[PDB]
4 protein chains.
Amino acid sequence: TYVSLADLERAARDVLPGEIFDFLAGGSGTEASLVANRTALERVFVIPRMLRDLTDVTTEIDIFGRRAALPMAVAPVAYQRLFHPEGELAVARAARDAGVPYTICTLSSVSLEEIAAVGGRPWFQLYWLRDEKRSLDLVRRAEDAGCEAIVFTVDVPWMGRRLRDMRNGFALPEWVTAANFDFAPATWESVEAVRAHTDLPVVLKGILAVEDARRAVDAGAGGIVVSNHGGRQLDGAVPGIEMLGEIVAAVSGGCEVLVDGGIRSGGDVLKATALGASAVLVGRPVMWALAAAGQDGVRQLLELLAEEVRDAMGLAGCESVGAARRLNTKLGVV
Amino acid sequence: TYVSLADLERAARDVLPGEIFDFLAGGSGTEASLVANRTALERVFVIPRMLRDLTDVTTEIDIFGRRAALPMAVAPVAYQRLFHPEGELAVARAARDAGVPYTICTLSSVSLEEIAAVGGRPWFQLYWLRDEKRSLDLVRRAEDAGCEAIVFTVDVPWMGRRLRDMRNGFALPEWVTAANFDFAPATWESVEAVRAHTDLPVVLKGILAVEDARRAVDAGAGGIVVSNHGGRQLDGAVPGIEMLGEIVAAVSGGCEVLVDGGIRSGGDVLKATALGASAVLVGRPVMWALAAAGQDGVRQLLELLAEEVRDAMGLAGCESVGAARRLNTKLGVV
Amino acid sequence: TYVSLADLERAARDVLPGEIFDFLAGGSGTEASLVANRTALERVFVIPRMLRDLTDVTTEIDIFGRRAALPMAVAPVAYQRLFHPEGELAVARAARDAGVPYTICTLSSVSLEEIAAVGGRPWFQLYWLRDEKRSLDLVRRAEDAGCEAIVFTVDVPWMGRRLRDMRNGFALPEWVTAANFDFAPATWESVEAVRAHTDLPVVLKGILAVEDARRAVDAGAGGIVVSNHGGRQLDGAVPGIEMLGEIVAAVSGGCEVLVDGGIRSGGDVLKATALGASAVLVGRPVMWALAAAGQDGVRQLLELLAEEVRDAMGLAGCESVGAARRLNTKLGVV
Amino acid sequence: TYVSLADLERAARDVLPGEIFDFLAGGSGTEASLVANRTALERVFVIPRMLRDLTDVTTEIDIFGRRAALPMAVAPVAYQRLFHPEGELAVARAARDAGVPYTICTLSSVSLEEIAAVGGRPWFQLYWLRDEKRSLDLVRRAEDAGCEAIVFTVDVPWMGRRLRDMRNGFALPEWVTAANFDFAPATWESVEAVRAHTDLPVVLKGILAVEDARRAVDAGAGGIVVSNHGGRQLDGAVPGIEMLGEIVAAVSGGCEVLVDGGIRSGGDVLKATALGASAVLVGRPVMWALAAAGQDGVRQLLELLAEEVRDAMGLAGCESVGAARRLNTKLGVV
Ligand SMILES: Cc1cc2nc3c(=O)[nH]c(=O)nc-3n(C[C@H](O)[C@H](O)[C@H](O)COP(=O)(O)O)c2cc1C
Ligand SMILES: Cc1cc2nc3c(=O)[nH]c(=O)nc-3n(C[C@H](O)[C@H](O)[C@H](O)COP(=O)(O)O)c2cc1C
Ligand SMILES: Cc1cc2nc3c(=O)[nH]c(=O)nc-3n(C[C@H](O)[C@H](O)[C@H](O)COP(=O)(O)O)c2cc1C
Ligand SMILES: Cc1cc2nc3c(=O)[nH]c(=O)nc-3n(C[C@H](O)[C@H](O)[C@H](O)COP(=O)(O)O)c2cc1C
Ligand SMILES: C[C@H](C(=O)O)c1ccccc1
Ligand SMILES: C[C@H](C(=O)O)c1ccccc1
Ligand SMILES: C[C@H](C(=O)O)c1ccccc1
Ligand SMILES: C[C@H](C(=O)O)c1ccccc1
Ligand SMILES: [Mg+2]
Ligand SMILES: [Mg+2]
Ligand SMILES: [Mg+2]
Ligand SMILES: [Mg+2]
């Protein structure tokens, strides 16, 4: 049994090789943005409401055309066989069973068709390739396999400088491969090429500037993920949670606005919701659970997060996620 | 002899079983709100006035129809026999002798009639039950026994997740029982049912949102306690002391506004008063004193707090608690 | 040789009995205000000016009718024989030689007439007595002995609770006495009685509220000291340096505005000046120097402070203390 | 190989005598301004832009009539033979090869003519001398030798009090000399004398007040360096990075605005650019690299900084330094 997400990190620390734990845990540069993701959530305080009807509290939301059990999805994390032999299949099975969308990576270590066959609500994360034709063929594969959204990651014109990995001389084990294969910087023209090629909602992941959020809506995006890529891309990039409220106001309901970076509890989900998020992504904790106990581990994590979200919502007087979005917050110190 | 409230915590640490000290000390989740109650008071600085007449300094107030010796009451704390064999009777006797109201708990480990028989100024704290009829019968019992106010706790639709207790596998000893017995979420309709059933002032404990404070006045409450339940309910709830000034302005004298969470000295009482509170509740320190030295311990604590309140008021140029409410404050760093 | 004021504290730590070092170093309550005096100065940053004429840099000021060599005076500190056998005479001699005013205490351990006979620029600090007649006789003694200002301390209706002393069971050694003798709370009426009884400037020490500073000017004060008494009176009182700018604006040249609390370098003097102070008082460091090396120690301290003030002023482009008062500041973090 | 600038500091720590490492590392007084230079950069977060064309990312700028490879120059640091036997020649060679301007010091330990003969883009830093005639002859020498700008340091009417050096009794080794020789405070009249005597751009280094920046433009300066001299002059002077935005707005393109103090990575260069700087100076890290590995060390440092600047710019969506100046920032906590 685990009673917090912190329980699982210690467990994953135990089991994983040091270099692999560092690949997972690390950020770019001095890890300023990595730390700031946590600092930013810790400074947010919720103003709960009392004495409201809680006879039918529900944590469900509708997003991109389908119901989800929680306002949460599993973030795209590449090469999950690094953490457990069943890799993406273990995580996708647990996500399916929990009613949580699972984001299949361009750099998955099991093919996207195999992961989609698990069922559930798969999304597909796109990295822009070489040339437009192969990029669009990846999108077409994902759509043909039943993925329900295209999560276009737009904050990686190239990879950030992860000093832990450089110092470790970390490289992919020979037994881990990019299973979708036998890359180039994305632009707004790339976004349009994707939008024109699919009927699925296109979700732009890695948006931080208010003007980019507006332009995303103008570009026909169905959603954005306000994100600094877990502090792994620009070191010194603002945390998404610090831009979220401004961005939600600027898009004024024109697309779904998700956030990620440092979500470590149901209370953190509540904070993100109160700042205006439609839903959150969760990355590293899902991999901790995967490393610690495979599919059963991820199941326990999602069960824990589900109870924490329900608990936080009720304690704050919210019978629905919509009500949680109307909560006010106060920024504190430390 | 003790010279601060911190003296008593160390003493209680000595004597109590670890699990019981943790039950008392702990908060929910990561204990962010528990810590923030203290941080919030430590950031408040008072601007004292000089050269005022202090020939008749008095710490007395009138509240809910009776005089109190200090602008303070003992907070409701369940199951006080956990901390000393005389439990609630020891605390209520010391409170009586000090001229301080004592809040009798729904979950008291000595029956409310026995505690009320001690005399003094007993209040009764209500948790909403099963059905309206038994809830109202608890209120009627309290009124029949001479309680002078009903403190309706409204921030517990269910109990927060106290991780210390879960990790300890903490459970009530067989020798501790809910002596008032041989629960359901409260709503505004529950508040109205109570108000219609008693002539006693109804005080809503656990209010943090400004709109809930206004609605409390509209609902006929005689008071509110601005409170995040000592950081034991929603982890990430704002401290009451951070909402107090706004709330006092919004109710504009329509009801008494009390505050609790982290009050650990007479200087802290002065800060709360200067921010607009009518009075404070004090929880954990009263239990420290109870654990350390029973009734005599609680007596010493209340004597110490009485001298600290008188000292702080005079040093700040206040001959009355009303004058202290007109003090200005400045928010500092750390 | 000493290169900072911190050098001297370590030296005084060496030589003094622990209880006496604690009497000197300590504050009231939790020492929040003691620490905040330092925090507040450390958050202030100066915006220096460049390329100004520094051919005749002078640190001199005129205050209360006489020239002083620095914008600084020795703060009133009672019972200086606690720290060195020559007590007040050693400090007053060093102050005289440095061209710095020395404040003789009501509770001096050498008689005020003996200390005044040293020469220099003595001020006299008044604590209000028993009855108006003896208070005024103390003032008359001081004036007859050649004191040039009456520093009326107004923040001590009674002494703050110094927990170090209580825990130490600290008491005056039999060999230390209040040499001016063989107390009651002051009011504005007391201030008027003093003002009517002397032609010397009356300076009110311990003012923190803006309205009290205004009333001081209205009352005929020649100056005020913006001060929380070194964190020894109300624990939680705002630092004087945090109120100084507001107070200087409110009195708009109607009286001299001095500040004290935590001044530990020439750079700190510059910060106080830039915030608008006429001059500062320095307390504990003078006693460190006295304890460490008697009169010669205090001489070295004042020489060090004089060089640091001159250095800071020049580096900031100020040829006079008046120019330093026109410097701008920026408040930082930590 | 080094992967950050912090790698090099540890290396320099190894090799240098303690007193020399302290001369390099230290600040004046309590080193408040030294620490604040770093704190100030760490509080700045960049808001990156996405999906922009990065097909021709360039870190080049034009400044003072010539192209530079990066928006950076080597800061003036006196007596570089203290750190390596080749001193200034090693650094100037590496700077030349990297396409970075090198600032030759008035107090260089190799003559300015020898360093200029290395080639590249030498600037010359002026300290005002004794009399106008010799000051101007130093300027004339620099111009005759091919220096392209005069960096007039204006924040040293005299040297700050470096307590590390005093405590170390640090003095120039006999084998290190001021090679340009066989000083007086500068004023605006000195600036005019220099401006009238050369056609080179005059750059005023050590400006912090907005009014001084304006006056610099009015005085005919071609640039300013917003700087508190690495925390080595007035202790308590605001960091340049805290004044930079205000200053850039006030001069409104009237001169180049550079900044220095604490630049330790390409991300830090990006922050300075986003706040409006034309370019930065880098001081201590260049000396770390010099101490650690001579010319090759400085080459590796500049290669590392060049890759970090390119990386940060691209991750932030900037194909040019001009685009980086249009980035927005958000100030955070810690
Ligand atoms: C090991 C690792 C691999 C990742 N791989 C991807 C990826 O392939 N595509 C992507 O868009 N984001 C990737 N991310 C970023 C996550 O989707 C997410 O933005 C970040 O992890 C969220 O922060 P959290 O881990 O603090 O919950 C990765 C993150 C980590 C730690
Ligand atoms: C052990 C414990 C038991 C408590 N039981 C109750 C309770 O039965 N009813 C209630 O309204 N509050 C209860 N509280 C909350 C207190 O009334 C109060 O809000 C909180 O303790 C005040 O903070 P303080 O302990 O920092 O002074 C309890 C608190 C503690 C620590
Ligand atoms: C040991 C001690 C004795 C003091 N005695 C007096 C006193 O008799 N009268 C008075 O007005 N202030 C007294 N003060 C307060 C000082 O005048 C001054 O306000 C405070 O020390 C200034 O702060 P600093 O010590 O940080 O420089 C005393 C302070 C100390 C530490
Ligand atoms: C050892 C040392 C010597 C310096 N010598 C000079 C100098 O001769 N002239 C000058 O204008 N600045 C001098 N400086 C200041 C630097 O030019 C620069 O303002 C500061 O070092 C920049 O901060 P950084 O070292 O944090 O990068 C010196 C700094 C150091 C550390
Ligand atoms: C996004 C993910 C990451 O590590 O942040 C990644 C790993 C390797 C290659 C591309 C992306
Ligand atoms: C409020 C109090 C508490 O522990 O906070 C409590 C304990 C047991 C059951 C209900 C409430
Ligand atoms: C003001 C000074 C003090 O200790 O702060 C004092 C000591 C004894 C009695 C009165 C005042
Ligand atoms: C500026 C530089 C310094 O150390 O900051 C310096 C050293 C010796 C003499 C003058 C200047
Ligand atoms: Mg997250
Ligand atoms: Mg309390
Ligand atoms: Mg002082
Ligand atoms: Mg720098």
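Scope of the values below: all heavy atoms of this structure, side chains included, with no hydrogens, waters or symmetry mates. Chain letters run A, B, ... following the sequence lines, proteins first and then strands; every chain starts at 1.
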Can you say whether [X] sits under 4.5 Å from chain A via the side chain, the backbone, both, or neither, judging by heavy atoms?
X	value
B:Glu246	side chain
B:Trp128	neither
B:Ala40	neither
B:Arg167	side chain
B:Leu163	side chain
B:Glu242	both

Checklist entry - Any sub-3.5 Å donor-acceptor pair from A:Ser33's side-chain atoms to A:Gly236's backbone N or O? => result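 Yes, because the side chain of A:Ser33 sits within donor-acceptor range (under 3.5 Å) of the backbone of A:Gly236.
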
Any donor-acceptor N/O pair, B:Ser278 side chain to B:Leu258 backbone, under 3.5 Å: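 Not confirmed, B:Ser278 side chain does not pair with B:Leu258 backbone.
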
Selection from [options] maximising heavy-atom pairs under 4.5 Å formed with chain B:
options	answer
A:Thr1, A:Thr329, A:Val46	A:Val46
A:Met50, A:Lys271, A:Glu42	A:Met50
A:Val334, A:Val333, A:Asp268	A:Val333
A:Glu308, A:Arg49, A:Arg264, A:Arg52	A:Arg49
A:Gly314, A:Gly332, A:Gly266	A:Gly314

So, is the end of the A:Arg299 side chain (NZ or CZ) under 6.0 Å from the ring centre of A:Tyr2 and within 45° of the ring's axis?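 Ring-cation test returns no.
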
(Q) Does A:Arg284 qualify as a cation-pi partner of A:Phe83, given the criterion of NZ or CZ under 6.0 Å from the six-membered ring centre and within 45 degrees of its axis? (A)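 Here A:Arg284 fails the 6.0 Å and 45° test against A:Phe83.
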
Mind listing the closest non-hydrogen atom pair of A:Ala272 and A:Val280 along with its distance?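 Heavy atoms of A:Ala272 and A:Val280 come nearest at CB-CG1, 3.5 Å.
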
Checklist entry - Which one of B:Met166, B:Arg161, B:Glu211 has the most heavy-atom pairs closer than 4.5 Å to chain A? => result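 Looking at each of B:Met166, B:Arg161, B:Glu211 in turn, B:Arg161 comes out on top.
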
field: Best-contacting candidate, B:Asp155, B:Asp235, B:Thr30, against chain A by heavy atom pairs under 4.5 angstrom
entry: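 Sorted descending by pairs with chain A, the first entry is B:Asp155.
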
message = Would you say A:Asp53 and B:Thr187 are linked by a side-chain donor-acceptor pair, where the criterion is simply a distance under 3.5 Å?
response =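 On atom types as modelled, these side chains do not qualify, holding no pair under 3.5 Å.
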
### Task
Would you check, one step at a time, whether the test side chain to side chain contact (heavy atoms under 4.5 Å, CB included) holds for B:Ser135 with B:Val194?
CA-CA 8 Å; B:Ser135 296; B:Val194 171; over 6 Å; no

Note to self: Under 4.5 Å from any heavy atom of chain B, what part of A:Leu54 do you find: side chain, backbone, both or neither?
What the structure shows: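 Only the side chain of A:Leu54 comes within 4.5 Å of chain B.
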
(Q) Between A:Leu270 and chain B, with a heavy-atom cut-off of 4.5 Å, which part of the residue counts as in contact: side chain, backbone, both or neither? (A)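 Just the side chain, heavy atoms under 4.5 Å.
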
Knowing that exactly one of B:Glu143, B:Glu192, B:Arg140 qualifies, which makes a side chain to side chain donor-acceptor pair (under 3.5 Å) with B:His197?
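Filter result, single survivor: B:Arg140.
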
With rounding to the nearest 0.5 Å, note down the distance linking CG in B:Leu136 to OG in B:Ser190.
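Nearest 0.5 Å value for the CG-OG distance: 9.5 Å.
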
Roughly how far, to the nearest 0.5 Å, is the CD atom of B:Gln125 from the SG atom of B:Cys105?
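Result: 5.0 Å between the selected atoms.
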
